[PDB]
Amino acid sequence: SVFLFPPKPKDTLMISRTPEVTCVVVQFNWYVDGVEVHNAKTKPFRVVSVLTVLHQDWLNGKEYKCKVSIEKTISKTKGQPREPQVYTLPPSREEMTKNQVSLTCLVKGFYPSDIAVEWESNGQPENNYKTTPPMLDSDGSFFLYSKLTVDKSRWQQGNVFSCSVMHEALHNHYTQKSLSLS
């Protein structure tokens, strides 16, 4: 049997990273848009072959075919890309009876579902956050929420937190939205 895996979403969106398609057999011929390419790297039973893809090729829907000597074909999810709308929501006043409070990042209206969300403060990643998997909304687009938990003191003292979102339909494939007491 043969299995073919796409690049990691982040690798396709950031030019500093190198996206790859992975062919796993549990000899290789690789094709991009039916044209044979010869730059894949094959590690010496499980056999793995890895093809580096160009960012623009992948995002532009080119098809990647792995032929083992059985054939598999993969490409980016199809459908009109839609820009994530990113909104930061402060903790409820009612949550202030607790020692920790919840900072919320709502990300909605995006397509495809491939996305990365992180929370930070002072340019450093926050340790305590969790993000819901994207979920289908009424209009066929996706939403999610990322919940950052912080000591209440850090919130009350006016510290600035930021929700970072990486998606293909954003300018520079990246946006940051701030959240602090105001």
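All residue numbers refer to positions in the sequence shown, first residue = 1.
In terms of unmodelled positions of the deposited sequence, the stretch from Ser69 to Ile70 in this entry skips 4 to 9 residues. Where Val26 is followed by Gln27 in the displayed chain, the model omits 4 to 9 of the deposited residues that sit between the two. Mean C-alpha B-factor is higher over 31-39 than over the other stretch, the pair under comparison being 31-39 and 122-130. The PDB entry reports B-factors from which the mean C-alpha value can be compared for 16-24 and 170-178; the larger average falls on 16-24.
Reading the B-factor column for the CA atoms of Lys147, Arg154, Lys65, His55 in the entry, the top value corresponds to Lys65.
In the PDB entry, a CA B factor belonging to the lowest third of its chain's modelled residues is recorded for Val107. Ranked by C-alpha B-factor against the other modelled residues of its chain, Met135 falls in the middle third. Among all modelled residues in its chain, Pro84 ranks in the middle third by Cα B-factor. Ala116: CA B factor in the lowest third of modelled residues in this chain (values from the PDB entry). When the modelled residues of the chain are ordered by C-alpha B-factor, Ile74 sits in the highest third.
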